[PDB]
Amino acid sequence: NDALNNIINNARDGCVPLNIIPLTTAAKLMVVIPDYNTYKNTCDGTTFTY
Amino acid sequence: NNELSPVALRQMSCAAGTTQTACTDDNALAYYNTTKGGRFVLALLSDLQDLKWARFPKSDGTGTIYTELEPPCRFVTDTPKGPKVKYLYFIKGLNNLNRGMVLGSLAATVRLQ
Amino acid sequence: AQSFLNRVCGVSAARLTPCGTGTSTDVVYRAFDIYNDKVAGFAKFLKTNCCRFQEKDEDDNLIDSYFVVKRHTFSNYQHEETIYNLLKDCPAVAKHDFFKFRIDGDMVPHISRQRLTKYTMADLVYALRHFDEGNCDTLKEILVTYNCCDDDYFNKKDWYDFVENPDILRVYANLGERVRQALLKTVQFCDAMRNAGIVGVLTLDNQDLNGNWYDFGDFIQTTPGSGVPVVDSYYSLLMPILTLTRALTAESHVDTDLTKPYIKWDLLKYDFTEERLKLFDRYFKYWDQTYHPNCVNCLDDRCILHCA
Ligand SMILES: Nc1nc2c(ncn2[C@@H]2O[C@H](COP(=O)(O)OP(=O)(O)NP(=O)(O)O)[C@@H](O)[C@H]2O)c(=O)[nH]1
Ligand SMILES: [Zn+2]
């Protein structure tokens, strides 16, 4: 994609940690919720922030 | 009660010099303790200002052990010599407990000011 | 008698109350780190030669502050007086007071240490390294004195277990700032000792839980600027307590202040080598073995263990 190229051209050597590649470039997110209180704290409404 | 050195150590002389082959003869005061597998020498001492390479003959007579030094520290002591100005020399890499033992025995028995 | 208490109180004006009977000592069972020509170890011995007075706050409430005055021959008196006069400007040194009193047809010298804590660092280390749930009164008292928990917390038995009740970690992590302040004061004390020209061994039982130092009885003198503190067993015996209490937590805040937000790092950053060297310089300045932040540069597997 073009986001991967961006964050790789923002590195000082071309090396980045792998754990941040899905965090800043993935287009789809999946959330697994055990009970109602956790649903009310995380994925409330139609849009949320994370 | 935690003490620096119960039971003291011994010392005999050795040779020293400025650079690698500058060793002439006895120019130092090299403290030591006898480990069963060869005796480890602890602390040198100089009337000269800048020595950097001392040398000790081997227990086998084939090779010779070299000892390069760190920058000295100056002090003057009293004895029938009157003012006795010197420079202590610890073999570079000597850790803190060994310097503690050396200074302990030295300042405890040898006069200082 | 009672002139003894008034002489002990001195210029402090502290309203002391006895912890013993008269001008007699008080026997306690305490942990010591000992090495001499006869015995050695890290064990609990019987401390005898000390008179203790507890300081009283206003409203007549007892606070955690004690005056410990012990009794000396005439040589250790002068030795300690000389060393203390050399070291009295450090903020990490407890306040001492030297005087002479009359017990009998004798004038006897006394040394008083002002505003100490009931326990030392050795007591905490021993309690956490020799745990036994059948008798743990020292640990309980330390936990309730410094507001880590309350006295009824010890009724939810299995309270010490790590698997059952994993909430004890939150209780233990309330001592981290005390431990961190103790480390900083130790570094200050080492710097002062080096600048004054004093050579000695640092043990855990000569520091209270506020961080102050005392007992300069095995120290000697050299030329100023050439002192040597020996700190090999202090740090090593204290090491297992630094991660149990999470002492370095305040290092993740904006200016090492627990009442400020977390530092926000760059996501693309992975190196952190200068940070490791800064941390080592701040907390372990006089540990005199080489530290490699990256173990590719280590010399053998012993060095690998040391640096990891
Ligand atoms: N901090 C503190 N320590 C106390 C108190 N009452 C007794 N002590 C004991 O007194 C010890 C310090 O006394 P001191 O004899 O001067 O030090 P030391 O560690 O025994 N070494 P040394 O025997 O060479 O003097 C502490 O380690 C502790 O075991 C108190 O109220 N506070
Ligand atoms: Zn290493």
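Don't overthink the numbers, they just go from 1 along the chain as shown.
The header says electron microscopy, 2.6 Å.
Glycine too: its Cβ is placed from the backbone N, Cα and C atoms.
According to Swiss-Prot, the features are:
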type    : residues                               : note
DOMAIN  : C:4-258                                : domain 'NiRAN'
REPEAT  : C:196-221                              : repeat 'LRR 7'
BINDING : C:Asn206, C:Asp215                     : Mn(2+) binding site
BINDING : C:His292, C:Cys298, C:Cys303, C:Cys307 : Zn(2+) 9 binding site
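Over all protein chains present, the Cβ of C:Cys298 (Zn(2+) 9 binding site) has 16 other Cβ atoms lying within 10 Å. Closeness to ligand 1 is met by C:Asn206, these being the binding-site residues among C:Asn206, C:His292, C:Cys298, C:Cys303, C:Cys307 whose Cβ falls under 6 Å from the molecule.
Proximity of the binding-site residues C:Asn206, C:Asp215, C:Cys298 to ligand 2, judged by a Cβ distance under 6 angstroms to any of its atoms, singles out C:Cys298 in sequence order. Other C-beta atoms found within 10 angstroms of the C-beta of C:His292 (Zn(2+) 9 binding site) number 15, with every protein chain shown included. Counted within 10 Å of its Cβ, the other Cβ atoms near C:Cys303 (Zn(2+) 9 binding site) come to 16, all protein chains included. A C-beta separation below 8 Å, combined with a sequence spacing of at least six in one chain, links C:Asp215 (Mn(2+) binding site) to C:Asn206. The Zn(2+) 9 site is defined by C:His292, C:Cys298, C:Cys303, C:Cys307, and by the 8 Å test on Cβ atoms against their centroid, the other residues of the chain that qualify are C:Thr290, C:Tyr291, C:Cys295, C:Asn297, C:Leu299, C:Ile304, C:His306, C:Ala308. C:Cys307 (Zn(2+) 9 binding site) has a Cβ environment of 16 other Cβ atoms inside 10 Å.
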